[PDB]
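Below you'll find only one chain, the form deposited in one PDB entry, shown as structure tokens.
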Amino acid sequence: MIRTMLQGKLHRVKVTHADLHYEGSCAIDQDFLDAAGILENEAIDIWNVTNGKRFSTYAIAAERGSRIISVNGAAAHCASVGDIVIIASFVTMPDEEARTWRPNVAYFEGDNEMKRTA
């Protein structure tokens, strides 16, 4: 049988300003995507720690080094600039692989400064 496992997550990133509208997606600095193992166009779950909302959308890449986290445009109702969120992707795999699977986790503080641990 096939398990659904946390692939990776961006832990407590902050939603930022962004000039562009992102058409229902969440735009995410490519560096952050790299660290969490998240792909452009991948389904993602976003858990808003500030307001408690939980929603699902898809990831798009923002410019590397922009530190952008944006639901600007069509997804603006579920998060606001300043809100602290967790962004997760989930993958499927056989049970044996699942049993020793290690998610790709990136932790954030401050001005979306990324760390390997908390």
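The term rigid core refers to the most C-alpha atoms you can superpose between the two forms while keeping them within 1.5 Å. Shifts are known only where both forms have a C-alpha. Numbering starts at 1 and follows the sequence shown.
This protein has a second form, the form deposited in another entry, left out of what is shown; the following refers to that one.
> Let me spell it out: fit the two forms on their rigid core, measure each listed C-alpha, and pick the one of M93, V49, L39, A74 that moves 2 Å or more between this form and the one not shown. Which is it?
Between the two forms, the residue that moves is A74.
> Superposing on the rigid core, is the Cα displacement of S25 between this form and the one not shown 2 Å or more?
Moves: yes, 2 Å or greater.
> Indicate closer or farther: the Cα atoms of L39 and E23, in the other form, relative to the displayed form, with a change of 3 Å or more.
Compared with the shown chain, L39-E23 is farther in the other form.
> Pin down for me whether the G24-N104 Cα distance shrinks or grows in the other form relative to this form (closer or farther, change of 3 Å or more).
Distance between the C-alphas of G24 and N104: longer in the other form, by 3 Å or more.
> Upon rigid-core superposition, which contiguous segments of at least three residues exhibit Cα shifts of 2 angstroms or more between this form and the one not shown?
Runs 17 to 25, 72 to 75 stand out as displaced between this form and the one not shown - each at least 3 residues long.
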